[PDB]
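Listed next as structure tokens is one chain, alone, in the form deposited in one PDB entry.
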């Protein structure tokens, strides 16, 4: 079973889901207007059965409260601070981190804050400097929604369908509709303004293994750009692409995604470590 509990943090009350796996811990960080509940396939499947999968809800998302201070919390760096505080409270310093989309950007910001991170996998995330946003992302009809505060019952359906892919479930509406819209607006403005660390430079200089896994039919991320990004230590020496998946391969193509994630976790935690 999945163990659910809530943490009182400086950012607000944070909802946390944990699998019962006895193995090394994996923090999974959800995307913009999503929730850790999206990682059901990993929490409840083979990944969560073996490893201790931790899937919280960001402030303003899911079953977490809105941020005590939106100006502090709703940014890639603010979320990274919140997740670092969560891991401190959970007593876990050496998790492997998986970040989906916004969660991948948060994971990149966590590299400086969480130095014993054993690896970072990013999916739906182009590491970009602020001036590279146009190169790293695909312009499109749903792109503006990322930073749009007010969602109607539509501009909730469109967002949910494009970000989560097949299969669509009504429960996805509940998740997206709950999101504190201020979090979209403030995060987006701050990212475009470079209030946090330059993500291009961070991943180029990072020594920990970074894995990059995307769906081939990504509607938001330019895969050609991603395949050209410099990483200090790119896992298996290339960026990886899963056929018949878009923005959310961990739910669209779970067995194939899990092959990458399991192999990455094993490599980052179960191999002899040298320098």
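Positions refer to the first chain, counted from 1.
K.L.:
Output the stretch having the higher mean C-alpha B factor in the entry; the candidates are 137-145 and 123-131.
P.N.:
Of 123-131 and 137-145, the stretch with the higher C-alpha B-factor average is 137-145.
K.L.:
On average, are the C-alpha B-factors higher in 199-207 or in 176-184?
P.N.:
Stretch with the higher mean C-alpha B-factor: 176-184.
K.L.:
If you compare 114, 98, 159, 79, which has the highest Cα B-factor in the entry?
P.N.:
Highest CA B-factor of the listed options: 159.
K.L.:
Comparing against every modelled residue in the chain, figure out the third that the C-alpha B-factor of residue 107 lands in (lowest, middle or highest).
P.N.:
Its C-alpha B-factor belongs to the lowest third of this chain's values.
K.L.:
Taking only the Cα B-factors deposited for this chain, tell me whether residue 170 sits in the lowest, middle or highest third.
P.N.:
Highest third.
K.L.:
Please place residue 252 in the lowest, middle or highest third of its chain by C-alpha B factor as given in the entry.
P.N.:
Bottom third by C-alpha B-factor.
K.L.:
Sort the modelled residues of this chain by their C-alpha B factor and say whether residue 163 lands in the lowest, middle or highest third.
P.N.:
Tercile = middle for this residue's CA B-factor.
K.L.:
Comparing against every modelled residue in the chain, figure out the third that the C-alpha B-factor of residue 266 lands in (lowest, middle or highest).
P.N.:
Lowest third.
FYI, the form solved in complex with a small molecule isn't displayed, but the following is about it.
K.L.:
Please determine whether residue 32 contacts the small molecule in the deposited complex, using a 4.5 Å cut-off between heavy atoms.
P.N.:
It does: once the small molecule is placed as it appears in the deposited complex, residue 32 has a heavy atom within 4.5 Å of it.
K.L.:
Do residue 220 and the small molecule come within 4.5 Å of each other in the deposited complex, heavy atoms counted?
P.N.:
Flag for residue 220 set to yes.
K.L.:
At 4.5 Å between heavy atoms, is residue 74 in contact with the small molecule in the deposited complex?
P.N.:
No, residue 74 stays farther than 4.5 Å from the small molecule in the deposited complex.
K.L.:
Would residue 146 count as touching the small molecule in the deposited complex under a 4.5 Å heavy atom rule?
P.N.:
Yes, residue 146 sits close enough to the small molecule in the deposited complex that at least one of its heavy atoms falls within 4.5 Å.
K.L.:
Between the options 160, 96, 82, 102, which residue brings a heavy atom to within 4.5 Å of the small molecule in the deposited complex?
P.N.:
Only one option qualifies, and that one is 102.
K.L.:
Under a 4.5 angstroms heavy atom criterion, identify the one residue in 176, 108, 87, 187 near the small molecule in the deposited complex.
P.N.:
Checking each option against the small molecule in the deposited complex, the one that comes within 4.5 Å is 187.
K.L.:
Within 4.5 Å of the small molecule in the deposited complex: all of 133, 137 and 247, by heavy atom?
P.N.:
Yes, each of 133, 137 and 247 comes within 4.5 Å of the small molecule in the deposited complex.
K.L.:
Look at the stretches 111-119, 166-174, 201-209, 137-145 and give the one with heavy atoms within 4.5 Å of the small molecule in the deposited complex.
P.N.:
Result for this chain: 137-145.
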